[PDB]
Amino acid sequence: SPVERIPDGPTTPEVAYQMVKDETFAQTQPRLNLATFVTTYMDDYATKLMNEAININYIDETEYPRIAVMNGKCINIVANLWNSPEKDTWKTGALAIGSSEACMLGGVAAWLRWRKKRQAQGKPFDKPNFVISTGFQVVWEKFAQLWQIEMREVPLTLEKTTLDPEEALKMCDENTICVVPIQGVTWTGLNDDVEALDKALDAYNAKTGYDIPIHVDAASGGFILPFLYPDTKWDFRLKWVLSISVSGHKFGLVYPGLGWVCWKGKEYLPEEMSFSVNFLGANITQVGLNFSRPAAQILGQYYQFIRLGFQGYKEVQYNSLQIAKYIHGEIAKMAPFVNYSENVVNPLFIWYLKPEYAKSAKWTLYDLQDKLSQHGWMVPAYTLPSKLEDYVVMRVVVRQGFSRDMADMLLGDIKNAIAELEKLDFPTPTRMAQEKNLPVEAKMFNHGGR
Amino acid sequence: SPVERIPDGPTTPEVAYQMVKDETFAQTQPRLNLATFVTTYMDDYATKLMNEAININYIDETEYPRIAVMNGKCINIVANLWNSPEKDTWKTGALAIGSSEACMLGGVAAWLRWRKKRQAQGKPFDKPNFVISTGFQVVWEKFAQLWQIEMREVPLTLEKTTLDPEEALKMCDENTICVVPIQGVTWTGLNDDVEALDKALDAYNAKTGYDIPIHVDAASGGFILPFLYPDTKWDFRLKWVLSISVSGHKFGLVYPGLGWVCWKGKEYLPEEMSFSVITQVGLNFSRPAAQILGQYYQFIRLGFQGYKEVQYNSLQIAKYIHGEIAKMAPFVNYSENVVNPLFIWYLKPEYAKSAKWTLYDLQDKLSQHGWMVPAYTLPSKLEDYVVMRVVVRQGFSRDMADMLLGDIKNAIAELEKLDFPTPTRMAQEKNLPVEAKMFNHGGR
Amino acid sequence: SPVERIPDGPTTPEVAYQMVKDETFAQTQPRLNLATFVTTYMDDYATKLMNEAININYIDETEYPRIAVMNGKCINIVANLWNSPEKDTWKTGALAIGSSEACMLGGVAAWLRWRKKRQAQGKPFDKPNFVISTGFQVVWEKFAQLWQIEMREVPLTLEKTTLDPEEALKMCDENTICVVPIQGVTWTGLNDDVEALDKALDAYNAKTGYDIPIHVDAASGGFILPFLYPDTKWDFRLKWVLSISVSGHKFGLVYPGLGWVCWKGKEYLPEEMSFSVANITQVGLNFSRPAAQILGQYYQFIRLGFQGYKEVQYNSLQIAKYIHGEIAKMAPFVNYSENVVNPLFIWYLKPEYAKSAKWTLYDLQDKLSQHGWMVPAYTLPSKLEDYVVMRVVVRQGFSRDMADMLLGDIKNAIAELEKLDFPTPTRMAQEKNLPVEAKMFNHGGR
Amino acid sequence: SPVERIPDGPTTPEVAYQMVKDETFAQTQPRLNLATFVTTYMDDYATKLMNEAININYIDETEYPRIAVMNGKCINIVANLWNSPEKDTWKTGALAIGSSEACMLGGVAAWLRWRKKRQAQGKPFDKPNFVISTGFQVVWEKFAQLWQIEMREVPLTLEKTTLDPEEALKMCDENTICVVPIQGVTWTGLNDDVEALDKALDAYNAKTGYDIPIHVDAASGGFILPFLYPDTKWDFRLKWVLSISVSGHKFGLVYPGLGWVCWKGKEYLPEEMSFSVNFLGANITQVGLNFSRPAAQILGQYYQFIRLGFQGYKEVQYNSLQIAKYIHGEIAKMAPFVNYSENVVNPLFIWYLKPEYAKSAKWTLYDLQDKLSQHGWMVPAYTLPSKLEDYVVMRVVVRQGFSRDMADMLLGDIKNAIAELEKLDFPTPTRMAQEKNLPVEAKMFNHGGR
Ligand SMILES: *Cc1c(COP(=O)(O)O)cnc(C)c1O
Ligand SMILES: *Cc1c(COP(=O)(O)O)cnc(C)c1O
Ligand SMILES: *Cc1c(COP(=O)(O)O)cnc(C)c1O
Ligand SMILES: *Cc1c(COP(=O)(O)O)cnc(C)c1O
């Protein structure tokens, strides 16, 4: 099996197929993987649709003109789900491979709008920055490094478990390109209060004239809030929310390879970033980092919109949230645990050990992670971001297909693991590491990217 | 079919399936599409492999630890195909969705290396630029716009049909982050002479101290040159070639969604861009893993000889069409050499003066028989030349080439019977632009 | 790839598969082919049914006795759709590969009935003829040549856009074996008025005693009229309609390979043509043939029923009416008929517009081909040979959205053609009074 | 269970699928069906090829231009297999649904050529006839009835087991349109001696000037003789053989729906029957009774030509013929049986009861047929055509896939059946029918059609 160089000659297809097969099987049962956000199941019709589109190159507008139009209609639907006030029927948005590229497009657009303002004012524009919670996902560090834009982080505390508007404004100045609240903080599952941030930013912008906008990183929540919390003002209903991004392959219910970013209107997307055509009466604007890319995920997204509709999406996310609330409530009743938040607003949540319990416990949540691994679960344990770095938490994500029976299966295994861990005569290795104030490698993938 | 808003209720899967089906069929027969570069066929085993990996998230290293390793082995293979001198077994490279993201990573790395030099020297670093031929593909304009880096374009002429080293150095200065020669220029099919650029850049860098490097945009040629022109020094064998990018889904023979970028060594990838656990570089996080399996399948199934046979057959059929086009009275080829499985031709100047038609009329004639053969004008200083381009991908047989040549001869016979000039023929005399219409992958 | 002789040795199956694959792909997108009448889509269950029956030989009645019965039940259903008055449970009909063989069986039956009468009367029977509109499909020319029967053609005019009964009777005589009205004229989409022909034929046959019958070529309309025009008397409700034929693979909604012919009763099928054995009469030109199309037809009857067939043809006719109405609103065009009775229709250029235009409908065809459409243009049959027309067929699956896509491309093409400085090649051919080669397949067969 | 009228409303597809399924299953095991000539197996690639082509209408030459060419290349290959002397690259032939339509096209062509001669001579042309063996298949009677052409039959005898040339000539006159020898007589498996008929016809035509030609009905033998008997002169090498027809779906090894007819040259196909076109440099002459028809069978035939080649076809028919000779030899060794012929030249043959044995036997070959039916076999018994109507024969056809093991399985059941029938105390019903001269219903399909 070639490690360094290409084989000199060919091998038969049957042998090559097995050789690749032998390195691509899952390490554990994916249905017991509670660490990932990403969709792993679509129905037979969606899968057949996307498998047959494996050879469709999305960028060829002459061969597949109506797939370009269908991309524009998905953008319309997402933008109207987020209550875009734009008057054109064809809304301003871009397809992406994930929230990663969608966030960067939002950040680049905010940066170019800021450069244009400061130039028109005669102010310097060489040291831009943006403001974000320490609970950011790694893509914002990629954005900071690849564009050389300073990242200013607002710490989490037990009194301010999400981005606090007052503390975010203390880090803003004439060089701030935007503030980034997160809907579905990957580390905590909570939503930054966008409406409170908008209220604070409006008063701050009138006092300063800096006109600092908001980009909402809604990788998870972007497909939860419109269906379950329609009255929560977090989107384009707010004055300073100029762009929003989301992962289509997390709670949009599509196989990996899908993200969306929308802008409040065409005038918040700088001219440098877009090229526009008129393909079959539509208004198709071309934005993005890629050229050639697979088109299958567009078909999957459009299939889901038609197959589920608003009510269909609402029932799926509702069932995920109910089972999450159920696990969240049962965890709270167990002596060792306390929840990070009393509210479950996305189908994920975190808990940690009560301080008084951890003091005398001979185990840590890393040992609980290992106990569950022995039964096939992936339930990640990790430390929280800055100012809460001493808190080891455990996170459960409830995706579509995770039934009430499987939730009782998980709670049964947690109770049995606690019964073993509580009878330990001596501290575990990770328990002693905490006593010595030595870091513990997180090991298990948790989507944070850190 | 919802245009603006999500439907309120659900519809049965069978109905929703047909509704999407009714909007995803090709407008023409893809096997007659000679405009596209991208692979459209893999064998049944590769297709089954990639279809089963539709639900595999590549970034989950706990669930699929060996797919991360398999990605690293593909990088080793590509980097060793390009004669990387790095001594570590695990070469420095990145998976990408295409040449687009791979080129940007190369450009961003060059920009960060340049910023690091100029800071350590006390020189300004706010007005970077890079040098490229006017035959660039649209991703380099995106790179210029999205990072606000000045693009300096070297024009094409009939004496310098590719990037000329002497003219490229006339646009370099202390603010130039790199020079980008292209292997497989999308508009012409030719290769910029990288070795001559390296020979010139070494003399210029010794005289100035600017240390301007080379990034090779080898989207097409990156999977052609190692197999058919092994003795052509264009890759990491050259002193100043620090990074190379390629499209895996063009002549790497993989379904759409694959690109590669490699660096000469770990020390040319800035610290800001990479962390190692296997180095994690790139613009994406979650992404489909199917294309990694497809590439690795092809490396094992074909090997060096298998890849060589596939690219050889493509190049031979291209040379065959190229040779038959040259024998027809209206046509003259842009180059006497076919080095990638694509080439362009135009109307002989003496013939065009009295002809009642243009190559746009030939394009329409071929469209009426189902072909997609694009016609367009060349980039700067050759903007007056309307050319036609044919790309020969795997599966385009000798029989289909004669089918194409037969239809070209039949169309020429029709166009020569014209009583009056065509609309586009009058457009040329009036000096009015003609909308290109047909996708040609240039992206302008 | 062998052109003249068989290869000497074998090639591996995978290579041979690709070699054949490389010559069987469509030249254009079939979903944009508006020229063809023939079904190209059945649902997954029908397709699985017919694919699994690929190896069933219909003629082996010992191995597949219930497929023979199922063929007889399809004949019953079609014959009852056409209001056959036959009293036997098992109606008289024949499976065919298409309307081609079904029409010939009807014509041969008419010819043998005519020979038998003239023998019993002592009159000659060596110079038979039949009467048909000039809008006939090529199978009737095959029939005329292969049986050496004179074809007498009734011309189309702008006053007589279909078969006119009075002019058809002027071509009848003691040697006429039948008159052939067409339901779904391939060139125009209209229906010959069968009831008027029966009304005229009844008076003519009483005055002469010739007893000239009717065979209805209903290749398209045979699966349209019973569902959308139940009160139109065109079938076995009429005295002189003795046989009817139809294409199962056009608007019967079955994959290629299916046609039906029915007779009003057993006594109108000559003894020479039938052998009987559930009652099963063995009529037809073939012996061994694929059985898949029988299963497909029977599936559609069960899956759709009367209401289901009615909805499918209703949507096709509605979309046809919609395109027909939008074409009429465009300045260059005028419709051949104000009524759309089958899911197809034709239009041509207004005479005043065409006289000064630089383009013809052949140029519009080329414009649409450049966008992937197949929309055929051709000249009409005799007395209307000067008229270039364009035809659209609306088959199952052609949606309202695709109809607007087509109308958008027609409007854009007209805007392009109206910018021409000089006449096109086909426009000059008209000025030179020279014919233009038809080029695009239009199902007429000429 | 609709019998007479169409159902009023729709039913779900799953139910309709089962409803049709319940009426299309074979009455017996098709692999034990030795009565049929028609192919029931192609390999997986051919089957996928033809299943995917179920929706291709062969006649639409604008949509599928090269399938028309591919049809012309199959005609070239078959015509060159039969040693056509035509010099044009594109040979004169027609696709057919089977030998039925291919034979009729040959007969109609002979009839129109004959009408043309008699007109040019001033002789009558109103009472045509043709000459054929009584072992004809039913298509020739259809031809006689549907075109009102007199059929003149040459009887079979024990001295003349095939068409005798001299006795066929005794039925010729100025009104004979052609003589039809059969290669693979459905009732006997033998080949009419075409070369001897040509020798007689040439002498007869020189004495009379009637110019009576030959059409060879080679439904079975047309795909056997060129591969196993290359030196047998039976085809276009003979002066008076002007047309030949064959069944592609019998020993051409294609699923049902394929026949071919070829003419010696363009001048023997009358102008009234053909319309020629030129596509991709190919004279595509369109002749035939059908218009729209399935194209799948064309692809299958061309696949077989490429996949098998000459040697591949030769090996397949060789194994079929070898197994046929093996069964033929074993039947001859059994006491009750005598073979109709000592030579097996097609993969089928017939035998009957020895006259001396039948005289005292209590059973007939109809009882042997019933014995084998009780074990699942279909082995037909029937009486021979005229002058041999007193002989009940049994026929075995050996198609591809019928292995040596299955042949011994068949011979084992025949030996056991003979042992059972020889223990009979009393004559069977069919044995008494023979003595009482009462006809016995044939019942079982034997492909003769009469
Ligand atoms: C073909 C080509 C590309 C391809 O980009 P994708 O992202 O793979 O579509 C990039 N750059 C150049 C110069 C090319 O010629
Ligand atoms: C989950 C998440 C993402 C997802 O990025 P992908 O490219 O879709 O993998 C991005 N940002 C944040 C803050 C997230 O929580
Ligand atoms: C077997 C045979 C046929 C076959 O006819 P199909 O139409 O292919 O079923 C025709 N004629 C003769 C003499 C045969 O023996
Ligand atoms: C359409 C049509 C046919 C169809 O013949 P097939 O054999 O089914 O292709 C026959 N006759 C007429 C008049 C038609 O319009």
# chains A, B, ... in the order shown; residues from 1 in each chain; ligands from 1
call {"tool": "residues_near_ligand", "arguments": {"ligand": "ligand 2", "cutoff": "6 Å", "atoms": "only C-alpha atoms and all ligand atoms", "output": "list in words"}}
result
residues 98, 99, 100, 136, 137, 185, 186, 217, 219 and 247 of chain A; 284, 285 and 286 of chain B
call {"tool": "write_last_selection", "arguments": {"atoms": "N, CA, C and O atoms", "output": "compact mmCIF listing (two decimals), in the first residue's frame"}}
result
# COMPACT_ATOMS: atom_id res chain seq x y z
N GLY A 98 -18.95 24.91 3.41
CA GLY A 98 -19.35 24.77 4.79
C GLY A 98 -19.43 26.13 5.45
O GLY A 98 -19.28 27.16 4.78
N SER A 99 -19.67 26.13 6.76
CA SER A 99 -19.66 27.40 7.49
C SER A 99 -18.29 28.05 7.43
O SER A 99 -18.19 29.28 7.55
N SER A 100 -17.24 27.25 7.29
CA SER A 100 -15.88 27.79 7.22
C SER A 100 -15.76 28.84 6.12
O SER A 100 -15.39 30.00 6.38
N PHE A 136 -15.01 30.90 20.07
CA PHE A 136 -15.02 30.84 18.61
C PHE A 136 -14.58 29.47 18.11
O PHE A 136 -13.84 28.74 18.78
N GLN A 137 -15.04 29.12 16.92
CA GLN A 137 -14.55 27.94 16.23
C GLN A 137 -13.33 28.32 15.39
O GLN A 137 -13.13 29.48 15.04
N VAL A 185 -22.83 28.17 20.01
CA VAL A 185 -21.41 28.14 20.34
C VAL A 185 -20.99 26.69 20.42
O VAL A 185 -21.54 25.91 21.21
N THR A 186 -20.00 26.31 19.61
CA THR A 186 -19.63 24.91 19.48
C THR A 186 -19.20 24.31 20.81
O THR A 186 -19.38 23.11 21.04
N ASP A 217 -22.44 34.25 13.14
CA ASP A 217 -22.01 32.88 12.88
C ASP A 217 -23.09 31.96 13.45
O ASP A 217 -23.12 31.70 14.65
N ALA A 219 -23.76 28.68 12.51
CA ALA A 219 -23.47 27.38 11.91
C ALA A 219 -24.51 26.33 12.29
O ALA A 219 -25.02 25.61 11.42
N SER A 247 -24.19 26.29 8.48
CA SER A 247 -23.76 25.00 7.94
C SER A 247 -24.99 24.23 7.46
O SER A 247 -25.83 23.82 8.27
N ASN B 284 -11.11 25.16 4.35
CA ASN B 284 -12.32 24.50 4.81
C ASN B 284 -12.09 23.78 6.13
O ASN B 284 -10.96 23.59 6.59
N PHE B 285 -13.20 23.36 6.75
CA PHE B 285 -13.17 22.46 7.89
C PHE B 285 -13.87 21.17 7.49
O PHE B 285 -13.24 20.26 6.94
N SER B 286 -15.17 21.08 7.75
CA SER B 286 -15.95 19.95 7.24
C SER B 286 -16.00 19.99 5.72
O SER B 286 -16.19 21.05 5.12
call {"tool": "interface_residues", "arguments": {"of": "chain C", "to": "chain A", "cutoff": "9 Å", "atoms": "only C-alpha atoms", "output": "ChimeraX atom specification"}}
result
/C:405,408-409
call {"tool": "write_last_selection", "arguments": {"atoms": "N, CA, C and O atoms", "output": "CSV table (one decimal), in the first residue's frame"}}
result
chain,number,residue,atom,x,y,z
C,405,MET,N,-39.9,27.9,-20.1
C,405,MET,CA,-38.5,27.8,-20.6
C,405,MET,C,-38.5,27.8,-22.1
C,405,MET,O,-37.7,28.5,-22.8
C,408,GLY,N,-39.7,31.2,-23.5
C,408,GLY,CA,-38.7,32.2,-23.3
C,408,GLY,C,-37.6,32.1,-24.4
C,408,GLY,O,-37.2,33.1,-24.9
C,409,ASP,N,-37.2,30.9,-24.8
C,409,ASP,CA,-36.2,30.7,-25.8
C,409,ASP,C,-36.8,31.0,-27.2
C,409,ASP,O,-36.0,31.5,-28.0
call {"tool": "atom_distance", "arguments": {"atom1": "atom CA of residue 174 of chain B", "atom2": "atom CA of residue 148 of chain A"}}
result
20.2 Å
call {"tool": "closest_residue", "arguments": {"among": "A:134, A:434, A:232, A:290", "to": "chain B", "atoms": "only C-alpha atoms"}}
result
A:290
call {"tool": "residues_near_ligand", "arguments": {"ligand": "ligand 3", "cutoff": "8 Å", "atoms": "only C-alpha atoms and all ligand atoms", "output": "MDAnalysis selection string"}}
result
(chainID C and resid 59 286:289) or (chainID D and resid 37:38 97:103 135:140 182:187 217:220 246:250 256:259 447:448)
call {"tool": "select_by_dssp", "arguments": {"residues": "segment 121-339 of chain A", "states": "alpha helix (DSSP H)", "output": "PyMOL selection string"}}
result
chain A and resi 121+139-146+165-169+194-208+225-228+296-333
call {"tool": "closest_residue", "arguments": {"among": "C:229, C:82, C:422, C:140", "to": "ligand 4", "atoms": "only C-alpha atoms and all ligand atoms"}}
result
C:140
call {"tool": "residues_around", "arguments": {"residues": "residue 86 of chain B", "least_positions_apart": "2", "cutoff": "8 Å", "atoms": "only C-alpha atoms", "output": "ChimeraX atom specification"}}
result
/B:84,88-89,91,264-266
call {"tool": "write_last_selection", "arguments": {"atoms": "N, CA, C and O atoms", "output": "compact mmCIF listing (two decimals), in the first residue's frame"}}
result
# COMPACT_ATOMS: atom_id res chain seq x y z
N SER B 84 9.85 16.64 -5.30
CA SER B 84 10.16 17.38 -4.08
C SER B 84 11.45 16.86 -3.46
O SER B 84 11.65 15.64 -3.36
N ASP B 88 11.84 14.59 4.80
CA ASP B 88 10.85 13.94 5.64
C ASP B 88 9.97 13.06 4.76
O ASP B 88 9.65 13.42 3.62
N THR B 89 9.59 11.89 5.28
CA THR B 89 8.71 10.99 4.55
C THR B 89 7.37 11.65 4.24
O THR B 89 6.78 11.42 3.18
N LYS B 91 5.38 14.68 3.23
CA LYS B 91 5.63 15.92 2.53
C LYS B 91 4.61 16.98 2.92
O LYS B 91 3.53 16.69 3.45
N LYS B 264 7.84 23.18 -1.52
CA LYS B 264 9.15 22.55 -1.64
C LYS B 264 9.61 21.94 -0.33
O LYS B 264 10.30 20.91 -0.32
N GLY B 265 9.23 22.54 0.79
CA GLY B 265 9.58 22.02 2.10
C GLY B 265 8.79 22.73 3.17
O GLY B 265 8.10 23.72 2.91
N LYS B 266 8.90 22.19 4.39
CA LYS B 266 8.12 22.72 5.51
C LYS B 266 8.45 24.18 5.80
O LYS B 266 7.59 24.92 6.28
call {"tool": "residues_near_ligand", "arguments": {"ligand": "ligand 1", "cutoff": "8 Å", "atoms": "only C-alpha atoms and all ligand atoms", "output": "PyMOL selection string"}}
result
(chain A and resi 59+290-293) or (chain B and resi 37-38+97-103+135-140+182-187+217-220+246-250+256-259+441-442)
call {"tool": "interface_residues", "arguments": {"of": "chain A", "to": "chain B", "cutoff": "6 Å", "atoms": "only C-alpha atoms", "output": "PyMOL selection string"}}
result
chain A and resi 3-11+13+16+23-24+26-27+40+51+55+62-64+66-67+73+76-77+100+145+255-257+272+290+293-294+306-312+445
